[PDB]
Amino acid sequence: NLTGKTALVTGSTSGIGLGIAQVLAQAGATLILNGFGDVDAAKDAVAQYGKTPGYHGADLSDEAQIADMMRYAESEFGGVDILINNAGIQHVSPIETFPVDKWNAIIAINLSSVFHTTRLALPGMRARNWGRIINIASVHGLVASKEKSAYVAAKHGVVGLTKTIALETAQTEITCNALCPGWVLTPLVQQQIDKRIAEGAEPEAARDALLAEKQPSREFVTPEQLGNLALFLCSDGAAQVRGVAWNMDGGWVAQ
C-alpha cells in the first residue's frame, strides 16, 4: 500500500509524530525517525509494524543538521517520498516578557525547519514525480490564543508556507498540505490531566475543565486519528488535495 515509499517523520520519537510514524509503518512504508528522548523505544514501537526504521538526530533549530539529515535520507534510503513535518515546541508567556531566545527557537523549529526540509526533499520528489509533504500545524495556524505569540505566529507561518509550496507543485503528482489538530492526548497533556485528578478532580472533570474553553466535543484527538488522516492524504484518493489546512479539533475553529 505504501510499500517502496520512504517516509520521514520529523520529531517522531514521541507523541503525534510517533503515532503518525507507526501508522505509515503499518501501511508498508519505510520510516526515518527523528527527535530526542527514548530513541530505541521509538524505533522498536515502529519496528513492531514492519521494517525497522532509520534514524537521524538532527536538532531542527540548526540549518546545518537538517542538511546533514536530508543527505542521510538520500544516501541511505534513496530520498524522501513522504515528508511529515511534525516537530515543534511551546512557550506560554505574555509578549512583553516573552524571552527572545524562546521566540527565535520556536520560529526556527516550528516554521523554518519546514522550509529547510521541504527545500531539500523537493528536487528528488520532482525527479520521481511523486511526493507527499504533510505539515502538522495546529488550530493555532488558523486562530489564536493569548500568550502563545511565537507559536501562533510560526503555525500561521506554516499554513501560508504550505499553500505556497502547494501552488508551486500544483501541476505535478506532488501534494503539500497541513493538518491542524486541536488538543491531542500526548504525553504532555496526560500529565496535566492526571495531576488535576491528584488534586481531587474526578477524571471526566479534569478533562473537560482543560477542554471546555476551547474544544466543544470535550474529547481529545488521538495520535492514531491524525495518523489515519495523514495516511488518507498519502493515498491516491487525495491526489487533488493541495494547499489545505484541515482541522481535526472537536469543533474548536467552528466556534
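So that there is no doubt, residue numbering starts at 1 and follows the sequence shown.
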Problem set entry | Entry-level comparison of average CA B-factors, 246 to 254 and 1 to 9, reporting the higher stretch | 1 to 9
Exercise. Looking at the deposited entry, does 226 to 234 or 40 to 48 carry the larger mean Cα B-factor?
Worked result: 40 to 48
Exercise. Can you tell me which of 131, 181, 160, 88 has the highest Cα temperature factor in the record?
Worked result: 88
Problem set entry | Assigned third (lowest, middle, highest) for the C-alpha B factor of residue 28 | middle
Exercise. Going by what the PDB entry lists, where does residue 75 fall on CA B-factor within its chain: lowest, middle or highest third?
Worked result: highest
Problem set entry | Lowest, middle or highest third - CA B-factor, residue 92 | middle
Exercise. Which third of the chain does residue 216 land in by C-alpha B-factor: lowest, middle or highest?
Worked result: lowest
Seminar exercise, completed: Quick tally, chain-level thirds of C-alpha B-factors: residue 185 sits in the highest
